[PDB]
Amino acid sequence: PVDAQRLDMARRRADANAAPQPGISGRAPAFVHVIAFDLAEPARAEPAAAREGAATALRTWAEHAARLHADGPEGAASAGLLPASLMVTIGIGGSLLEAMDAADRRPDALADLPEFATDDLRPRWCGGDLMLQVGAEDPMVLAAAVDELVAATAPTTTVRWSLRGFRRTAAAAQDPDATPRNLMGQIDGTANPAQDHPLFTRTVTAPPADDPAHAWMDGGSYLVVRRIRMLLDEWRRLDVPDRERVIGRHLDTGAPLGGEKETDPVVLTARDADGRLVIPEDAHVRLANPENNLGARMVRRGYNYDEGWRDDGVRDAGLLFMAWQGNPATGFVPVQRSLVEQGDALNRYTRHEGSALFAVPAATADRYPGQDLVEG
Amino acid sequence: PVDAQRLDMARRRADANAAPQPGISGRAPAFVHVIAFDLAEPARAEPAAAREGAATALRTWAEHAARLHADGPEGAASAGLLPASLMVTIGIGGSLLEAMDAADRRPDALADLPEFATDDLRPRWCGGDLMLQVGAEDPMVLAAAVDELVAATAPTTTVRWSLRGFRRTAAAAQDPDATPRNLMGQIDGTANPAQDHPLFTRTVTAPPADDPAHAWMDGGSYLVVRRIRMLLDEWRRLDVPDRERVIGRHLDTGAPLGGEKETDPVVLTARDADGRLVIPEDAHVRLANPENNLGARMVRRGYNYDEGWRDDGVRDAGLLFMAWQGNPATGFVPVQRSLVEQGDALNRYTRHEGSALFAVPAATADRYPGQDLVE
Ligand code: HEM
Ligand code: HEM
C-alpha cells in the first residue's frame, strides 16, 4: 500500500495545468536542474532584437514543455523510462526587461534584491535574463529534458549558470509523505503553508497590479534562488544539542525545542525555570518566523546540492534554496534582512555564493509565459 | 508484479560479501560517487608516518563500510530512508606504495597506465593514493554515506578529485532488468560477460602472484577510471543512421547492425550488396572486440555524469567510465591502444579528461582491504 506511494512519483505525469506554472505547487520531484540564460549578442544589444529574441526563446521552451509534459523527452537516452513527474517552469529576469528597453513594464516586485552583509556572491553565478527550472523523479529523464530544452533555443540563448539538486527519492522513503531533510540532517520545509490551504495560494501568488503595464505578472509568482554552501566541516564539530540550538528544532523529530512533534507550533515565549529562552535569541526559526518579519511568508522548495570538493579540499555542497512568493518585498527580502541583521546562528555555517530573482508568469490557454510582456 | 521489481533496488541491502569487494558484480545501484584521496602531507612525506596513515585510513573505511552495509549511515541526513543497495569499495593507488617506501610491493598489473595520443587529461583529475567507490539507489543515502566516510579519515586523508554519476532508477524503468543507456542514447553494457558465468570471474580476478611480495592482490581486481566528456553538441548534428555507424549497433534495439536483437552476436564479416561492410571498419564495437585485441576484455560498469556548463560554454557531461579486470595489460590497455591507433569513429565525439588506476584487494574474514600490504 505504501508500495504504490513509493512508486507514484516515478510512475505519474506531472499536472501540466498547475498554476501559475508547474514547479511550484504539488509534490516536488526528487531531482531538479535550474538553468539561468542570457540573450546572446548582438541581439541583446538592440531593444527590438532583444524583444524578438525573448519571444523566440519563450515560445520555443513553451512548445517543448507542452510536449515534454505530455510525452516525455524525444531522445533515445530516455527510452524505456516512465514519465517520472517531469515538469518545466519558465521565468524572466529584470535584466531582460532592461535589454528590451521596457522598464515601464517592470513591476516593483521585480526590483533587484538588496546586497546583504553576509553575501559572498560570485557574479557569474548570479542573475540571468531567463530561467528554466526542470524537475523529474529520475535523473536520466531530467538530463534528457534539459539537453533538449537548452539545445532548442541555441544560439539565441546562452547558459549563464546552472545547478543540479536532489532530495530523497519516493522509492527509497519509508514514508513518501514525510518532509525531506537537508545535508545538515535537518527536516526542511515544515513551516511551509499546506498544499490544500488558500494560505498557500495567497503566499505564492502576485496580487493584481494597479498599473496595467505591470499586469503581465498578475497571478504569477516570484522565485528567489540562493546557492548556499554549507560549512559541513565546522558543522560536524558541534554536538547534537548545539546543532539543534542553531535552528531551534530537534534533529530527530523535527519538533520545536519545547515541543514533541514536527507539527507542534514554535512557541517563542517558552522559558526555562531560570528565565532563559528555550529557543535561543539567535535561533534560525526565531528570526525567520513571520511574526518577526511583519507577517512575511514564503514557500521554500529547495534541493540539496553536491559538487564535491574545491581545489583547497573544502566541501562544495549545500542548499539550493528556492523561495516562492507573490512579492519578494513581503517574502524573502525582509526575512533575509532579519537573519543578517539580527545575527542568525546559522550565518556562521553558511555562505551565500549565488543569487537570482525571476518573475514566473501565469499564461492562459493558448499563450506562452511572458507573451503578454513581449507582445505588449 | 513488475512493481516489486521497480522497488527492489531501493528496498534491499547490498551483498556485503560480494567478491572481491562490493561494487563490481551484482546489480549496480543507480548512483555512484567515486572519490580519490591522497595521504595528507603530515602523513605522507615520511614512510613510517605514511604506513601508519594508510593503515588508519584503510581500517577506518573498512569498519565504517561494515556498519554502512549492515545498518545504513549514522547521520540524521539519511533518517527515514530504506537501505537502497548501499555499497562501499576500497582501493589503493601505486603512489601509496611509493609514499610508504614499498615500491617493490607493486604488482606488474599496478604499473602506471600508458599515455595515449588522444589523451586530454587534466592532472588535478588523475591519480590518487587511495579510492572509495560509494554506490546507492538513492542520492540522499549516497550523500550521507559519503560525508561519513570522508569525515572519518580526515585529516589523515585529503580529497584529490571526485565525481558523482547516475543511471536511470529502477523505480522509473519500464523494465528494471533492461540494460541502462548513456547520454548519447546508446545501450551500454551488452557485451560484458554474464555475471553468473566463469568468463566474468576470469575477466575481473587477479590470478595468484608468483612472489609473496605481490600476493596481497591475489583474488583482487583492478579498476581503470576514465572521465570521458561527450561532445553532445556535435553528436546532435548526426542523423540516427550515422550515430549508429559510430558504434556499430542500432540505437532503438541495441542490436548489432545487421541483426535484430540486442543479444544477437556481432557479425564482423558481413557486407551489403555493394560490397560495403555492415559494421564499419572504424566502428567502436569492431575495434573493441576481444578478437581484435588478442582476447583482451574487461567488465565495464560506468555511470553518466552531468556537471552543467564550463565557463568557456562547453557542456561538461559524459561517461564516468569504469573498467574492471584482473590485469589492465590484458584488459583496458590493449583495447584503448586499438581505439586510438585504429581511429575509432567515437574518438572525435569524446575527450578523456581524467584517469586513474586502483588496486582493489579481496576482502577476507576479519581483515581490512590492504591489511596484507600495510602490515
Ligand atoms: C543553508 C541555509 C538554510 C538552512 C540549512 C535552513 C534550514 C531551515 C530549517 C531546518 C528550518 C526549520 C524547518 C522548517 O520550518 O522548514 C527552517 C525554517 C525556515 N527558514 Fe531556513 N534555512 C536556510 C536558509 C534560509 C533562508 C536564506 C531563508 C530566507 C531568507 C530561510 C527562511 C526560513 C523560514 C521563513 C523558515 C520557517 C520559519 C517558521 O515560520 O517557523 N531559510 N530553515
Ligand atoms: C564515452 C566513451 C564511450 C562510450 C559512449 C562507449 C559506448 C559503448 C557502446 C554503446 C558499446 C556497445 C554496447 C556494449 O556492448 O556495451 C560499447 C562496447 C564496448 N566498449 Fe565502449 N564506450 C566508450 C569508451 C570505451 C573505452 C575507453 C573502452 C576501452 C578502453 C571501451 C571498451 C568497450 C568494449 C570492450 C565493448 C564491447 C565490445 C564487444 O565485445 O562487443 N569503451 N561501448
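Chains A and B, in that order, give the protein sequences. In terms of our numbering, the first sequence opens at residue 133 and continues consecutively. In terms of our numbering, the second sequence opens at residue 594 and continues consecutively. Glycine included, C-beta positions come from ideal geometry on N, C-alpha and C.
- Not a single C-beta of chain B is nearer than 7 Å to the C-beta of A/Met219.
- B/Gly646 sits buried, since 16 or more C-beta atoms from the chains shown fall within 10 Å of its C-beta.
- For A/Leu264, the enclosing beta strand (DSSP E) stretches over residues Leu262 to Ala268.
- At a threshold of 6 Å, A/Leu451 counts as near ligand 1, since its beta carbon sits closer than that to one of the ligand's heavy atoms.
- Legend: CB atoms of the stretch 736-756 of chain B lying less than 9 Å from CB atoms of chain A belong to residues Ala736, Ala737, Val739, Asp740, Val743, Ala744, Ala747, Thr751, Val752, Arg753, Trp754, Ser755 and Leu756.
- Beyond the five residues adjoining it in sequence on each side, B/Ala642 comes within less than 6 Å, by CB distance, of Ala636 in the same chain, given in chain order.
- In the structure shown, A/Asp438 falls within a strand segment according to DSSP collapsed to helix, strand and coil.
- Counting C-beta pairs closer than 8 Å gives fewer than three between the stretch 709-719 of chain B and the stretch 650-658 of chain B, which falls short of the contact rule.
- When C-alpha distances from B/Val926 are compared across B/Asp904, B/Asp705 and B/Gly851, the shortest belongs to B/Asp705.
- Under the DSSP assignment, B/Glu934 falls in the alpha helix (DSSP H) whose first and last residues are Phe925 to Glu934.
- Contact annotation: in the stretch 305-317 of chain A, residues whose CB is within less than 9 Å of a CB in chain B are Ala305, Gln306, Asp307, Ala310, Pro312, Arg313, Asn314, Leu315, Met316 and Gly317.
- Distances from the CA of B/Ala787 to each of B/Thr772, B/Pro801 and B/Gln779 were compared; the closest alpha carbon is that of B/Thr772.
- With a cut-off of 6 Å, the C-beta of A/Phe490 is classified as distant from ligand 2, since no heavy atom of the ligand falls inside that distance.
- Taking a beta-carbon distance threshold of 7 Å, A/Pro205 does not count as an interface residue toward chain B.
- Judged by beta-carbon spacing, A/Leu478 lies within the 7 Å limit of A/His416, meaning their Cβ atoms are closer than that value.
- Looking at the backbone, the Cα of A/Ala202 and that of B/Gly782 are separated by about 30 Å.
- In this structure, ligand 1 has no non-hydrogen atom nearer than 6 Å to the beta-carbon of A/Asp374.
- According to DSSP, residue pairing for B/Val817 in a beta bridge involves B/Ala916 and B/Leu950.
- Against chain A, a Cβ distance below 7 Å from B/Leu825 picks out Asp279.
- The criterion of a C-beta distance shorter than 7 Å is satisfied by A/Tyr435 and A/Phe298.
- Residue contact check for A/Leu139 against chain B: a CB pair falls below 7 Å.
- Contact with chain A is found for B/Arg761, since one of that chain's Cβ atoms lies less than 7 Å from the residue's Cβ.
- The alpha-carbon separation between A/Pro239 and A/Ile360 amounts to approximately 27 Å.
- The Cβ-Cβ distance between A/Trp456 and A/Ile222 does not fall below 7 Å.
- B/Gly947 has a beta carbon lying at 7 Å or more from every beta carbon in chain A.
- Not one heavy atom of ligand 2 sits closer than 6 Å to the Cβ of B/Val892.
- Going by C-alpha positions, A/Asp135 is about 14 Å away from B/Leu674.
- When the Cα atoms are used, B/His657 and B/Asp768 turn out to be separated by approximately 34 Å.
- B/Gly901 has a beta carbon lying within less than 7 Å of a beta carbon in chain A.
- Relative to ligand 2, the nearest heavy atom lies less than 6 Å away from the CB of B/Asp781.
- At a C-beta separation below 7 Å, B/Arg829 has these neighbours in chain A: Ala283.
- Cβ neighbours of A/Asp384 within its own chain (closer than 8 Å, five residues either side excluded): none.
- Distance between B/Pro805 and B/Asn920, taken at the CA atoms: about 18 Å.
- When Cβ-Cβ separations below 7 Å define contact, B/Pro732 makes contact with chain A.
- Ranked by Cα distance from A/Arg408, the first of A/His346, A/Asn324, A/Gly390 and A/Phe453 is A/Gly390.
- With a cutoff of 6 Å, B/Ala784 counts as near ligand 2, since its C-beta is closer than that to a heavy atom of the ligand.
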